[PDB]
>>> print(open('target_30.cif').read())   # mmCIF, N, CA and C atoms
data_start
loop_
_atom_site.group_PDB
_atom_site.id
_atom_site.type_symbol
_atom_site.label_atom_id
_atom_site.label_comp_id
_atom_site.auth_asym_id
_atom_site.auth_seq_id
_atom_site.Cartn_x
_atom_site.Cartn_y
_atom_site.Cartn_z
ATOM 1 N N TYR U 1 111.659 92.878 119.454
ATOM 2 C CA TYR U 1 110.318 93.315 119.822
ATOM 3 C C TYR U 1 109.596 92.291 120.692
ATOM 4 N N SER U 2 110.039 91.031 120.673
ATOM 5 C CA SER U 2 109.395 89.993 121.475
ATOM 6 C C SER U 2 109.541 90.272 122.967
ATOM 7 N N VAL U 3 110.743 90.659 123.401
ATOM 8 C CA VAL U 3 110.934 91.011 124.804
ATOM 9 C C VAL U 3 110.283 92.357 125.115
ATOM 10 N N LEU U 4 110.253 93.274 124.143
ATOM 11 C CA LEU U 4 109.619 94.571 124.356
ATOM 12 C C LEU U 4 108.109 94.435 124.513
ATOM 13 N N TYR U 5 107.528 93.353 123.987
ATOM 14 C CA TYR U 5 106.092 93.132 124.131
ATOM 15 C C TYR U 5 105.687 92.885 125.579
ATOM 16 N N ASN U 6 106.587 92.351 126.407
ATOM 17 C CA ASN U 6 106.230 92.012 127.777
ATOM 18 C C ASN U 6 107.171 92.569 128.840
ATOM 19 N N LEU U 7 108.125 93.437 128.485
ATOM 20 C CA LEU U 7 108.845 94.158 129.533
ATOM 21 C C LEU U 7 107.952 95.168 130.243
ATOM 22 N N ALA U 8 107.037 95.803 129.520
ATOM 23 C CA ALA U 8 106.187 96.841 130.076
ATOM 24 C C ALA U 8 104.731 96.569 129.734
ATOM 25 N N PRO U 9 103.786 96.981 130.610
ATOM 26 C CA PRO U 9 102.352 96.845 130.318
ATOM 27 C C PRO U 9 101.806 97.972 129.443
ATOM 28 N N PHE U 10 102.432 98.171 128.286
ATOM 29 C CA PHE U 10 102.034 99.226 127.369
ATOM 30 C C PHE U 10 100.804 98.807 126.568
ATOM 31 N N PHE U 11 100.156 99.801 125.960
ATOM 32 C CA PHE U 11 98.943 99.555 125.191
ATOM 33 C C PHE U 11 99.256 98.733 123.948
ATOM 34 N N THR U 12 98.437 97.713 123.695
ATOM 35 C CA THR U 12 98.740 96.713 122.677
ATOM 36 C C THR U 12 98.567 97.230 121.246
ATOM 37 N N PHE U 13 99.480 98.118 120.842
ATOM 38 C CA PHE U 13 99.634 98.589 119.463
ATOM 39 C C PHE U 13 98.353 99.261 118.954
ATOM 40 N N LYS U 14 98.033 100.382 119.589
ATOM 41 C CA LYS U 14 96.917 101.228 119.162
ATOM 42 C C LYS U 14 97.380 102.299 118.179
ATOM 43 N N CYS U 15 98.072 101.885 117.119
ATOM 44 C CA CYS U 15 98.642 102.832 116.174
ATOM 45 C C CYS U 15 98.583 102.255 114.767
ATOM 46 N N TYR U 16 98.596 103.149 113.782
ATOM 47 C CA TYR U 16 98.522 102.778 112.376
ATOM 48 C C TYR U 16 99.907 102.802 111.740
ATOM 49 N N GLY U 17 100.135 101.869 110.817
ATOM 50 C CA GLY U 17 101.410 101.799 110.130
ATOM 51 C C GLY U 17 101.922 100.389 109.914
ATOM 52 N N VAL U 18 103.106 100.111 110.466
ATOM 53 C CA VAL U 18 103.721 98.797 110.347
ATOM 54 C C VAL U 18 102.825 97.739 111.001
ATOM 55 N N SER U 19 102.873 96.516 110.467
ATOM 56 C CA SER U 19 102.105 95.416 111.027
ATOM 57 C C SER U 19 102.555 95.121 112.460
ATOM 58 N N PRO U 20 101.611 94.777 113.353
ATOM 59 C CA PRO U 20 101.955 94.592 114.772
ATOM 60 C C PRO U 20 102.903 93.432 115.040
ATOM 61 N N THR U 21 102.542 92.233 114.584
ATOM 62 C CA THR U 21 103.313 91.034 114.885
ATOM 63 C C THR U 21 104.429 90.767 113.884
ATOM 64 N N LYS U 22 104.531 91.558 112.821
ATOM 65 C CA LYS U 22 105.549 91.360 111.800
ATOM 66 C C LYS U 22 106.822 92.155 112.059
ATOM 67 N N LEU U 23 106.891 92.893 113.173
ATOM 68 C CA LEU U 23 108.000 93.811 113.429
ATOM 69 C C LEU U 23 109.351 93.112 113.521
ATOM 70 N N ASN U 24 109.369 91.802 113.768
ATOM 71 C CA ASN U 24 110.618 91.054 113.767
ATOM 72 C C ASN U 24 111.089 90.694 112.362
ATOM 73 N N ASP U 25 110.293 90.975 111.329
ATOM 74 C CA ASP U 25 110.568 90.494 109.982
ATOM 75 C C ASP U 25 110.884 91.605 108.985
ATOM 76 N N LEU U 26 110.877 92.868 109.404
ATOM 77 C CA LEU U 26 111.259 93.959 108.517
ATOM 78 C C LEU U 26 112.724 94.323 108.714
ATOM 79 N N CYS U 27 113.244 95.118 107.777
ATOM 80 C CA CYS U 27 114.639 95.538 107.777
ATOM 81 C C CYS U 27 114.775 97.058 107.792
ATOM 82 N N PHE U 28 114.028 97.728 108.671
ATOM 83 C CA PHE U 28 114.009 99.184 108.717
ATOM 84 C C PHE U 28 115.333 99.741 109.229
ATOM 85 N N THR U 29 115.509 101.052 109.069
ATOM 86 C CA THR U 29 116.719 101.739 109.500
ATOM 87 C C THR U 29 116.391 103.190 109.822
ATOM 88 N N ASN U 30 117.360 103.862 110.454
ATOM 89 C CA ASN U 30 117.294 105.280 110.804
ATOM 90 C C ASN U 30 116.078 105.579 111.676
ATOM 91 N N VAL U 31 116.044 105.005 112.874
ATOM 92 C CA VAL U 31 114.917 105.164 113.779
ATOM 93 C C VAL U 31 115.138 106.391 114.653
ATOM 94 N N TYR U 32 114.032 106.926 115.168
ATOM 95 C CA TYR U 32 114.048 108.061 116.079
ATOM 96 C C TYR U 32 113.265 107.697 117.330
ATOM 97 N N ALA U 33 113.886 107.885 118.492
ATOM 98 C CA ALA U 33 113.279 107.551 119.779
ATOM 99 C C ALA U 33 113.127 108.838 120.586
ATOM 100 N N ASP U 34 111.934 109.421 120.546
ATOM 101 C CA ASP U 34 111.612 110.623 121.303
ATOM 102 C C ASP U 34 110.588 110.276 122.374
ATOM 103 N N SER U 35 110.901 110.612 123.622
ATOM 104 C CA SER U 35 110.060 110.276 124.761
ATOM 105 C C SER U 35 109.620 111.544 125.480
ATOM 106 N N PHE U 36 108.351 111.570 125.879
ATOM 107 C CA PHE U 36 107.784 112.693 126.612
ATOM 108 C C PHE U 36 106.581 112.187 127.397
ATOM 109 N N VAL U 37 106.157 112.983 128.375
ATOM 110 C CA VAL U 37 105.016 112.649 129.220
ATOM 111 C C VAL U 37 103.941 113.716 129.039
ATOM 112 N N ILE U 38 102.694 113.272 128.899
ATOM 113 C CA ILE U 38 101.551 114.141 128.677
ATOM 114 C C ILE U 38 100.471 113.797 129.699
ATOM 115 N N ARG U 39 99.329 114.477 129.587
ATOM 116 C CA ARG U 39 98.256 114.386 130.571
ATOM 117 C C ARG U 39 96.991 113.861 129.905
ATOM 118 N N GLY U 40 96.645 112.609 130.198
ATOM 119 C CA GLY U 40 95.349 112.055 129.853
ATOM 120 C C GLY U 40 95.047 111.906 128.378
ATOM 121 N N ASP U 41 94.036 112.634 127.908
ATOM 122 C CA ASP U 41 93.481 112.478 126.569
ATOM 123 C C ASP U 41 94.281 113.200 125.486
ATOM 124 N N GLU U 42 95.550 113.515 125.729
ATOM 125 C CA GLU U 42 96.404 114.092 124.698
ATOM 126 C C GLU U 42 97.093 113.041 123.833
ATOM 127 N N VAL U 43 96.886 111.751 124.113
ATOM 128 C CA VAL U 43 97.458 110.700 123.276
ATOM 129 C C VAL U 43 96.812 110.701 121.897
ATOM 130 N N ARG U 44 95.497 110.925 121.841
ATOM 131 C CA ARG U 44 94.801 110.990 120.560
ATOM 132 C C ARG U 44 95.252 112.186 119.730
ATOM 133 N N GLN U 45 95.752 113.241 120.381
ATOM 134 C CA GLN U 45 96.305 114.375 119.646
ATOM 135 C C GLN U 45 97.574 113.994 118.892
ATOM 136 N N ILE U 46 98.345 113.040 119.413
ATOM 137 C CA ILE U 46 99.554 112.583 118.738
ATOM 138 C C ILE U 46 99.169 111.560 117.678
ATOM 139 N N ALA U 47 98.920 112.034 116.459
ATOM 140 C CA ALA U 47 98.536 111.174 115.349
ATOM 141 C C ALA U 47 98.890 111.888 114.056
ATOM 142 N N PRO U 48 99.122 111.151 112.959
ATOM 143 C CA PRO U 48 99.410 111.814 111.679
ATOM 144 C C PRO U 48 98.232 112.626 111.165
ATOM 145 N N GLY U 49 98.394 113.947 111.124
ATOM 146 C CA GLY U 49 97.351 114.837 110.667
ATOM 147 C C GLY U 49 96.387 115.311 111.731
ATOM 148 N N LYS T 1 107.529 101.322 82.021
ATOM 149 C CA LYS T 1 107.614 102.431 82.963
ATOM 150 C C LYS T 1 106.383 102.559 83.851
ATOM 151 N N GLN T 2 105.240 101.999 83.441
ATOM 152 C CA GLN T 2 104.046 102.067 84.276
ATOM 153 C C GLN T 2 104.180 101.251 85.555
ATOM 154 N N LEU T 3 105.083 100.268 85.585
ATOM 155 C CA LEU T 3 105.322 99.513 86.810
ATOM 156 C C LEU T 3 106.033 100.344 87.869
ATOM 157 N N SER T 4 106.751 101.394 87.465
ATOM 158 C CA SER T 4 107.439 102.257 88.417
ATOM 159 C C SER T 4 106.491 103.188 89.161
ATOM 160 N N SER T 5 105.288 103.408 88.635
ATOM 161 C CA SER T 5 104.338 104.301 89.281
ATOM 162 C C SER T 5 103.770 103.665 90.545
ATOM 163 N N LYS T 6 103.346 104.517 91.475
ATOM 164 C CA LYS T 6 102.787 104.064 92.742
ATOM 165 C C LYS T 6 101.266 104.022 92.749
ATOM 166 N N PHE T 7 100.617 104.831 91.904
ATOM 167 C CA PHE T 7 99.154 104.912 91.815
ATOM 168 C C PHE T 7 98.525 105.253 93.165
ATOM 169 N N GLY T 8 99.175 106.145 93.909
ATOM 170 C CA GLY T 8 98.695 106.556 95.211
ATOM 171 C C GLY T 8 99.119 105.678 96.367
ATOM 172 N N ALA T 9 99.805 104.569 96.105
ATOM 173 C CA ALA T 9 100.267 103.697 97.172
ATOM 174 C C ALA T 9 101.581 104.215 97.754
ATOM 175 N N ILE T 10 102.016 103.577 98.843
ATOM 176 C CA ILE T 10 103.243 104.000 99.508
ATOM 177 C C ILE T 10 104.487 103.385 98.881
ATOM 178 N N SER T 11 104.336 102.347 98.060
ATOM 179 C CA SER T 11 105.479 101.703 97.433
ATOM 180 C C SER T 11 105.045 101.083 96.113
ATOM 181 N N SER T 12 106.015 100.915 95.216
ATOM 182 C CA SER T 12 105.781 100.304 93.915
ATOM 183 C C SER T 12 106.073 98.810 93.900
ATOM 184 N N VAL T 13 106.508 98.241 95.021
ATOM 185 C CA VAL T 13 106.802 96.817 95.129
ATOM 186 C C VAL T 13 105.725 96.184 95.998
ATOM 187 N N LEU T 14 105.033 95.184 95.447
ATOM 188 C CA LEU T 14 103.928 94.558 96.167
ATOM 189 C C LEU T 14 104.424 93.680 97.308
ATOM 190 N N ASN T 15 105.636 93.130 97.183
ATOM 191 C CA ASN T 15 106.217 92.360 98.277
ATOM 192 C C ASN T 15 106.477 93.243 99.490
ATOM 193 N N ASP T 16 106.906 94.487 99.257
ATOM 194 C CA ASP T 16 107.084 95.435 100.352
ATOM 195 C C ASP T 16 105.757 95.745 101.034
ATOM 196 N N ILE T 17 104.681 95.868 100.249
ATOM 197 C CA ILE T 17 103.357 96.097 100.821
ATOM 198 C C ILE T 17 102.922 94.901 101.659
ATOM 199 N N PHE T 18 103.174 93.686 101.164
ATOM 200 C CA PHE T 18 102.757 92.491 101.890
ATOM 201 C C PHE T 18 103.572 92.272 103.159
ATOM 202 N N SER T 19 104.856 92.628 103.149
ATOM 203 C CA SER T 19 105.731 92.408 104.293
ATOM 204 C C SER T 19 105.937 93.660 105.136
ATOM 205 N N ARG T 20 105.189 94.730 104.871
ATOM 206 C CA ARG T 20 105.378 95.977 105.601
ATOM 207 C C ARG T 20 104.084 96.466 106.240
ATOM 208 N N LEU T 21 102.956 96.246 105.573
ATOM 209 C CA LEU T 21 101.686 96.832 105.975
ATOM 210 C C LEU T 21 100.683 95.730 106.299
ATOM 211 N N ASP T 22 99.737 96.057 107.180
ATOM 212 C CA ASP T 22 98.805 95.066 107.704
ATOM 213 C C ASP T 22 97.878 94.555 106.599
ATOM 214 N N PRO T 23 97.637 93.246 106.540
ATOM 215 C CA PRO T 23 96.864 92.652 105.424
ATOM 216 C C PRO T 23 95.441 93.186 105.290
ATOM 217 N N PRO T 24 94.715 93.519 106.382
ATOM 218 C CA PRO T 24 93.393 94.148 106.170
ATOM 219 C C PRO T 24 93.430 95.442 105.368
ATOM 220 N N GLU T 25 94.453 96.274 105.550
ATOM 221 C CA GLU T 25 94.605 97.466 104.725
ATOM 222 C C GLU T 25 95.489 97.223 103.509
ATOM 223 N N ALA T 26 96.358 96.209 103.562
ATOM 224 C CA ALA T 26 97.097 95.822 102.367
ATOM 225 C C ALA T 26 96.160 95.298 101.289
ATOM 226 N N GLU T 27 94.983 94.801 101.677
ATOM 227 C CA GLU T 27 93.988 94.383 100.693
ATOM 228 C C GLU T 27 93.511 95.563 99.851
ATOM 229 N N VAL T 28 93.177 96.688 100.489
ATOM 230 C CA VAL T 28 92.722 97.830 99.700
ATOM 231 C C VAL T 28 93.899 98.497 98.988
ATOM 232 N N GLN T 29 95.103 98.438 99.572
ATOM 233 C CA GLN T 29 96.281 98.965 98.881
ATOM 234 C C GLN T 29 96.566 98.182 97.600
ATOM 235 N N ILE T 30 96.542 96.849 97.683
ATOM 236 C CA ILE T 30 96.761 96.040 96.492
ATOM 237 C C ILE T 30 95.584 96.170 95.535
ATOM 238 N N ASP T 31 94.372 96.422 96.042
ATOM 239 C CA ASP T 31 93.246 96.668 95.147
ATOM 240 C C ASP T 31 93.476 97.923 94.315
ATOM 241 N N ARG T 32 93.961 98.992 94.953
ATOM 242 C CA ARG T 32 94.299 100.210 94.219
ATOM 243 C C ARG T 32 95.417 99.959 93.212
ATOM 244 N N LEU T 33 96.442 99.199 93.612
ATOM 245 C CA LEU T 33 97.554 98.913 92.706
ATOM 246 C C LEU T 33 97.095 98.120 91.484
ATOM 247 N N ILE T 34 96.304 97.065 91.708
ATOM 248 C CA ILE T 34 95.854 96.222 90.605
ATOM 249 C C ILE T 34 94.897 96.987 89.701
ATOM 250 N N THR T 35 94.022 97.827 90.270
ATOM 251 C CA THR T 35 93.106 98.564 89.403
ATOM 252 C C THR T 35 93.831 99.652 88.611
ATOM 253 N N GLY T 36 94.886 100.253 89.170
ATOM 254 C CA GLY T 36 95.677 101.195 88.391
ATOM 255 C C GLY T 36 96.416 100.522 87.249
ATOM 256 N N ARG T 37 97.044 99.375 87.532
ATOM 257 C CA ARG T 37 97.732 98.645 86.471
ATOM 258 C C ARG T 37 96.751 98.093 85.443
ATOM 259 N N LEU T 38 95.538 97.736 85.871
ATOM 260 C CA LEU T 38 94.519 97.271 84.937
ATOM 261 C C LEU T 38 94.034 98.402 84.041
ATOM 262 N N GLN T 39 93.885 99.611 84.593
ATOM 263 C CA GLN T 39 93.534 100.761 83.765
ATOM 264 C C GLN T 39 94.629 101.061 82.748
ATOM 265 N N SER T 40 95.894 100.973 83.173
ATOM 266 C CA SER T 40 97.002 101.169 82.239
ATOM 267 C C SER T 40 96.999 100.110 81.141
ATOM 268 N N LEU T 41 96.740 98.851 81.508
ATOM 269 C CA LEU T 41 96.691 97.777 80.520
ATOM 270 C C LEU T 41 95.522 97.956 79.556
ATOM 271 N N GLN T 42 94.368 98.404 80.060
ATOM 272 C CA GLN T 42 93.227 98.675 79.190
ATOM 273 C C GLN T 42 93.536 99.798 78.210
ATOM 274 N N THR T 43 94.208 100.853 78.681
ATOM 275 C CA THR T 43 94.599 101.942 77.790
ATOM 276 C C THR T 43 95.564 101.454 76.715
ATOM 277 N N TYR T 44 96.550 100.639 77.108
ATOM 278 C CA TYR T 44 97.495 100.089 76.141
ATOM 279 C C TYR T 44 96.792 99.201 75.121
ATOM 280 N N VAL T 45 95.829 98.395 75.573
ATOM 281 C CA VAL T 45 95.128 97.486 74.673
ATOM 282 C C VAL T 45 94.240 98.261 73.704
ATOM 283 N N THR T 46 93.598 99.336 74.173
ATOM 284 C CA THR T 46 92.808 100.168 73.265
ATOM 285 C C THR T 46 93.694 100.849 72.224
ATOM 286 N N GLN T 47 94.865 101.343 72.647
ATOM 287 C CA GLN T 47 95.805 101.927 71.693
ATOM 288 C C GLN T 47 96.274 100.891 70.678
ATOM 289 N N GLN T 48 96.549 99.668 71.142
ATOM 290 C CA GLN T 48 96.963 98.598 70.242
ATOM 291 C C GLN T 48 95.851 98.221 69.275
ATOM 292 N N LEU T 49 94.600 98.237 69.738
ATOM 293 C CA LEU T 49 93.474 97.938 68.858
ATOM 294 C C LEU T 49 93.324 98.998 67.774
#
>>> encode(input="target_30.cif", output="structure tokens")
Amino acid sequence: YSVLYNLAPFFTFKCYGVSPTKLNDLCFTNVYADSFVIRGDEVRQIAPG
Amino acid sequence: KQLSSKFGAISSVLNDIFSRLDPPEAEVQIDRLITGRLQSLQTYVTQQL
């Protein structure tokens, strides 16, 4: 995640859940990587609930 | 067996909460955990009395 923090100018962790800077210290498994493109203010629509 | 309960939290292990979730919200998560276990201990102590 250290290189992923500065490969792209993405938004600095505007999401709820896992700790931001602790991502190198967990032992998670079974990840899902789904990518799509949306228009403008639909990012807030993508949230739990 | 009361230690196995979650009391509304996401996990029954406090180390997982500390190493998985952000400390500003881990504070209220551990507050819920400690108050649930304290209620269980109070119930046990009243029964023992």
>>> closest_residue(input="target_30.cif", among="T:48, T:42, T:36, T:19", to="residue 6 of chain T", atoms="all atoms listed in the file")
T:36
>>> resolve_selection(input="target_30.cif", expression="the PyMOL selection byres ((chain T) within 5 of (chain U))", output="ChimeraX atom specification")
/T:20-22
>>> select_by_dssp(input="target_30.cif", residues="chain U", states="alpha helix (DSSP H)", output="number ranges by chain")
U: 4-7
>>> residues_around(input="target_30.cif", residues="residue 40 of chain T", least_positions_apart="4", cutoff="12 Å", atoms="only C-alpha atoms", output="list in words")
residues 1, 2, 3, 5, 7, 33, 34, 35, 36, 44, 45, 46 and 47 of chain T
>>> atom_distance(input="target_30.cif", atom1="atom CA of residue 31 of chain U", atom2="atom CA of residue 4 of chain U")
15.9 Å
>>> atom_distance(input="target_30.cif", atom1="atom C of residue 30 of chain U", atom2="atom C of residue 44 of chain U")
23.3 Å
>>> atom_distance(input="target_30.cif", atom1="atom N of residue 45 of chain U", atom2="atom C of residue 10 of chain T")
25.2 Å
>>> residues_around(input="target_30.cif", residues="residue 36 of chain U", least_positions_apart="5", cutoff="12 Å", atoms="only C-alpha atoms", output="PDB file with N, CA and C atoms, in the frame of the given file")
ATOM      1  N   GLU U  42      95.550 113.515 125.729  1.00  0.00           N
ATOM      2  CA  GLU U  42      96.404 114.092 124.698  1.00  0.00           C
ATOM      3  C   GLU U  42      97.093 113.041 123.833  1.00  0.00           C
ATOM      4  N   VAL U  43      96.886 111.751 124.113  1.00  0.00           N
ATOM      5  CA  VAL U  43      97.458 110.700 123.276  1.00  0.00           C
ATOM      6  C   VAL U  43      96.812 110.701 121.897  1.00  0.00           C
ATOM      7  N   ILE U  46      98.345 113.040 119.413  1.00  0.00           N
ATOM      8  CA  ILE U  46      99.554 112.583 118.738  1.00  0.00           C
ATOM      9  C   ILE U  46      99.169 111.560 117.678  1.00  0.00           C
TER      10      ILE U  46
END
>>> axis_aligned_box(input="target_30.cif", around="segment 6-14 of chain T", padding_each_side="5 Å", output="lines of an AutoDock Vina configuration file")
center_x = 102.7
center_y = 100.1
center_z = 95.5
size_x = 18.3
size_y = 22.9
size_z = 18.0
